[PDB]
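See structure below.
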Amino acid sequence: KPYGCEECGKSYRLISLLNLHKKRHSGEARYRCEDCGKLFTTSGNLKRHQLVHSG
Ligand SMILES: [Zn+2]
Ligand SMILES: [Zn+2]
């Protein structure tokens with residue numbers, strides 16, 4: 001199933017593929033939003049984004 005970037009709209013074959021695509025945009029992919037699966041290199045950037053799901 002085409003796994004595409006919600007952000008830029010490129011579909012990948014694998015999740016890890018798109019995961020590395022998502023990693024590519026931020027350099028590296030550390031944390032993810034435990035809800036929507038957005039990768040943040042900063043847990044605080046993440047946190048603020050986590051708080052929009054529970055804020
Ligand atoms: Zn992207
Ligand atoms: Zn999120």
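By order in the structure tokens, chains are A, B, ...; within a chain, residues start at 1; ligands start at 1, following the order shown.
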Environment of ligand 2 within 12 Å, counting only C-alpha atoms and all ligand atoms, reported as a count of residues only: 22
Sorted by chain and rising residue number, list the residues of chain A at most 12 Å from ligand 1 (counting only C-alpha atoms and all ligand atoms), each with its closest atom pair and distance in Å to one decimal, as CSV.
```
residue,atom,partner,partner_atom_place_in_ligand_line,distance
A:3,CA,ligand 1,1 (Zn),11.0
A:4,CA,ligand 1,1 (Zn),8.0
A:5,CA,ligand 1,1 (Zn),4.8
A:6,CA,ligand 1,1 (Zn),7.1
A:7,CA,ligand 1,1 (Zn),5.1
A:8,CA,ligand 1,1 (Zn),4.6
A:9,CA,ligand 1,1 (Zn),6.6
A:10,CA,ligand 1,1 (Zn),6.5
A:11,CA,ligand 1,1 (Zn),9.1
A:12,CA,ligand 1,1 (Zn),10.3
A:17,CA,ligand 1,1 (Zn),11.0
A:18,CA,ligand 1,1 (Zn),7.9
A:19,CA,ligand 1,1 (Zn),9.2
A:20,CA,ligand 1,1 (Zn),9.4
A:21,CA,ligand 1,1 (Zn),5.9
A:22,CA,ligand 1,1 (Zn),5.4
A:23,CA,ligand 1,1 (Zn),8.5
A:24,CA,ligand 1,1 (Zn),7.8
A:25,CA,ligand 1,1 (Zn),6.1
A:26,CA,ligand 1,1 (Zn),9.3
A:27,CA,ligand 1,1 (Zn),11.4
A:38,CA,ligand 1,1 (Zn),10.6
A:39,CA,ligand 1,1 (Zn),10.9
```
Output the selection as a PDB file, in the first residue's frame - N, CA, C and O atoms for each residue.
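Full text of out-v9.pdb as output:
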```pdb
ATOM      1  N   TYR A   3       2.456   4.403   0.859  1.00  0.00           N
ATOM      2  CA  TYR A   3       2.632   5.142   2.096  1.00  0.00           C
ATOM      3  C   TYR A   3       3.260   6.483   1.790  1.00  0.00           C
ATOM      4  O   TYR A   3       4.463   6.575   1.562  1.00  0.00           O
ATOM      5  N   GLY A   4       2.451   7.519   1.774  1.00  0.00           N
ATOM      6  CA  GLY A   4       2.922   8.789   1.310  1.00  0.00           C
ATOM      7  C   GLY A   4       3.006   9.830   2.392  1.00  0.00           C
ATOM      8  O   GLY A   4       2.301   9.772   3.401  1.00  0.00           O
ATOM      9  N   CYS A   5       3.896  10.772   2.166  1.00  0.00           N
ATOM     10  CA  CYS A   5       4.149  11.862   3.088  1.00  0.00           C
ATOM     11  C   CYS A   5       2.967  12.828   3.115  1.00  0.00           C
ATOM     12  O   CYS A   5       2.687  13.496   2.125  1.00  0.00           O
ATOM     13  N   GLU A   6       2.294  12.897   4.261  1.00  0.00           N
ATOM     14  CA  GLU A   6       1.175  13.823   4.478  1.00  0.00           C
ATOM     15  C   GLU A   6       1.617  15.272   4.268  1.00  0.00           C
ATOM     16  O   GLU A   6       0.809  16.172   4.036  1.00  0.00           O
ATOM     17  N   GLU A   7       2.917  15.466   4.328  1.00  0.00           N
ATOM     18  CA  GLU A   7       3.523  16.777   4.326  1.00  0.00           C
ATOM     19  C   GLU A   7       3.782  17.305   2.910  1.00  0.00           C
ATOM     20  O   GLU A   7       3.474  18.457   2.612  1.00  0.00           O
ATOM     21  N   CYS A   8       4.323  16.464   2.036  1.00  0.00           N
ATOM     22  CA  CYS A   8       4.781  16.927   0.737  1.00  0.00           C
ATOM     23  C   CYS A   8       4.120  16.134  -0.378  1.00  0.00           C
ATOM     24  O   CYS A   8       4.079  16.563  -1.534  1.00  0.00           O
ATOM     25  N   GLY A   9       3.619  14.966  -0.019  1.00  0.00           N
ATOM     26  CA  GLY A   9       2.767  14.223  -0.900  1.00  0.00           C
ATOM     27  C   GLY A   9       3.497  13.238  -1.797  1.00  0.00           C
ATOM     28  O   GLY A   9       3.057  12.972  -2.914  1.00  0.00           O
ATOM     29  N   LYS A  10       4.609  12.692  -1.318  1.00  0.00           N
ATOM     30  CA  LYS A  10       5.315  11.642  -2.048  1.00  0.00           C
ATOM     31  C   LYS A  10       5.021  10.282  -1.430  1.00  0.00           C
ATOM     32  O   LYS A  10       5.221  10.089  -0.231  1.00  0.00           O
ATOM     33  N   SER A  11       4.532   9.352  -2.242  1.00  0.00           N
ATOM     34  CA  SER A  11       4.217   8.015  -1.766  1.00  0.00           C
ATOM     35  C   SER A  11       5.421   7.095  -1.857  1.00  0.00           C
ATOM     36  O   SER A  11       6.188   7.148  -2.820  1.00  0.00           O
ATOM     37  N   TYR A  12       5.581   6.265  -0.842  1.00  0.00           N
ATOM     38  CA  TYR A  12       6.655   5.282  -0.810  1.00  0.00           C
ATOM     39  C   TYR A  12       6.106   3.866  -0.739  1.00  0.00           C
ATOM     40  O   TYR A  12       4.936   3.661  -0.396  1.00  0.00           O
ATOM     41  N   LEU A  17      10.593   3.174   4.308  1.00  0.00           N
ATOM     42  CA  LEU A  17      10.918   4.043   3.200  1.00  0.00           C
ATOM     43  C   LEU A  17      10.460   5.460   3.455  1.00  0.00           C
ATOM     44  O   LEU A  17      11.242   6.407   3.415  1.00  0.00           O
ATOM     45  N   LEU A  18       9.190   5.579   3.728  1.00  0.00           N
ATOM     46  CA  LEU A  18       8.563   6.851   3.984  1.00  0.00           C
ATOM     47  C   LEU A  18       9.045   7.404   5.311  1.00  0.00           C
ATOM     48  O   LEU A  18       9.050   8.609   5.548  1.00  0.00           O
ATOM     49  N   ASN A  19       9.459   6.494   6.163  1.00  0.00           N
ATOM     50  CA  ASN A  19       9.962   6.836   7.478  1.00  0.00           C
ATOM     51  C   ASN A  19      11.314   7.499   7.337  1.00  0.00           C
ATOM     52  O   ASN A  19      11.642   8.435   8.057  1.00  0.00           O
ATOM     53  N   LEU A  20      12.089   7.013   6.379  1.00  0.00           N
ATOM     54  CA  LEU A  20      13.382   7.577   6.082  1.00  0.00           C
ATOM     55  C   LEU A  20      13.230   8.832   5.242  1.00  0.00           C
ATOM     56  O   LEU A  20      14.084   9.713   5.261  1.00  0.00           O
ATOM     57  N   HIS A  21      12.129   8.902   4.514  1.00  0.00           N
ATOM     58  CA  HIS A  21      11.746  10.120   3.818  1.00  0.00           C
ATOM     59  C   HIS A  21      11.399  11.194   4.839  1.00  0.00           C
ATOM     60  O   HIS A  21      11.778  12.355   4.698  1.00  0.00           O
ATOM     61  N   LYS A  22      10.682  10.786   5.873  1.00  0.00           N
ATOM     62  CA  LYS A  22      10.262  11.700   6.916  1.00  0.00           C
ATOM     63  C   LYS A  22      11.474  12.088   7.744  1.00  0.00           C
ATOM     64  O   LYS A  22      11.604  13.226   8.192  1.00  0.00           O
ATOM     65  N   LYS A  23      12.368  11.119   7.919  1.00  0.00           N
ATOM     66  CA  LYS A  23      13.651  11.355   8.552  1.00  0.00           C
ATOM     67  C   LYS A  23      14.472  12.343   7.737  1.00  0.00           C
ATOM     68  O   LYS A  23      15.116  13.227   8.292  1.00  0.00           O
ATOM     69  N   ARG A  24      14.427  12.196   6.418  1.00  0.00           N
ATOM     70  CA  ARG A  24      15.210  13.038   5.522  1.00  0.00           C
ATOM     71  C   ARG A  24      14.875  14.520   5.690  1.00  0.00           C
ATOM     72  O   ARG A  24      15.762  15.372   5.647  1.00  0.00           O
ATOM     73  N   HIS A  25      13.594  14.818   5.886  1.00  0.00           N
ATOM     74  CA  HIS A  25      13.136  16.199   5.988  1.00  0.00           C
ATOM     75  C   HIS A  25      13.653  16.880   7.253  1.00  0.00           C
ATOM     76  O   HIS A  25      13.864  18.092   7.272  1.00  0.00           O
ATOM     77  N   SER A  26      13.852  16.107   8.308  1.00  0.00           N
ATOM     78  CA  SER A  26      14.327  16.656   9.570  1.00  0.00           C
ATOM     79  C   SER A  26      15.779  16.273   9.827  1.00  0.00           C
ATOM     80  O   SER A  26      16.302  16.475  10.929  1.00  0.00           O
ATOM     81  N   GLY A  27      16.437  15.741   8.803  1.00  0.00           N
ATOM     82  CA  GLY A  27      17.791  15.252   8.963  1.00  0.00           C
ATOM     83  C   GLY A  27      17.799  13.843   9.497  1.00  0.00           C
ATOM     84  O   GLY A  27      18.291  12.910   8.855  1.00  0.00           O
ATOM     85  N   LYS A  38       4.385  11.555  13.586  1.00  0.00           N
ATOM     86  CA  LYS A  38       5.285  12.564  13.079  1.00  0.00           C
ATOM     87  C   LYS A  38       6.604  12.506  13.821  1.00  0.00           C
ATOM     88  O   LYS A  38       6.620  12.462  15.046  1.00  0.00           O
ATOM     89  N   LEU A  39       7.697  12.511  13.083  1.00  0.00           N
ATOM     90  CA  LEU A  39       9.011  12.356  13.682  1.00  0.00           C
ATOM     91  C   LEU A  39       9.607  13.708  14.023  1.00  0.00           C
ATOM     92  O   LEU A  39       9.684  14.603  13.182  1.00  0.00           O
TER      93      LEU A  39
END
```
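Secondary structure by DSSP on the backbone puts the following residues of chain A in strand (DSSP E): residues 3, 4, 11, 12, 31, 32, 39 and 40 of chain A.
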Secondary structure check, helix (DSSP H, G or I) residues of chain A, as number ranges by chain: A: 15-25, 43-50
Residues near residue 41 of chain A, cut-off 7 Å, only C-alpha atoms, skip fewer than 4 positions along chain, as a CSV table (one decimal) with N, CA and C atoms, in the first residue's frame:
```
chain,number,residue,atom,x,y,z
A,28,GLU,N,17.2,13.7,10.7
A,28,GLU,CA,17.1,12.5,11.3
A,28,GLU,C,15.7,12.4,11.9
A,29,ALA,N,15.3,11.2,12.3
A,29,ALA,CA,14.0,11.0,12.9
A,29,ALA,C,14.1,10.3,14.2
A,30,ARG,N,13.9,11.0,15.3
A,30,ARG,CA,14.1,10.5,16.6
A,30,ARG,C,12.8,10.0,17.2
A,31,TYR,N,12.0,11.0,17.7
A,31,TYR,CA,10.7,10.7,18.3
A,31,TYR,C,9.6,10.7,17.3
```
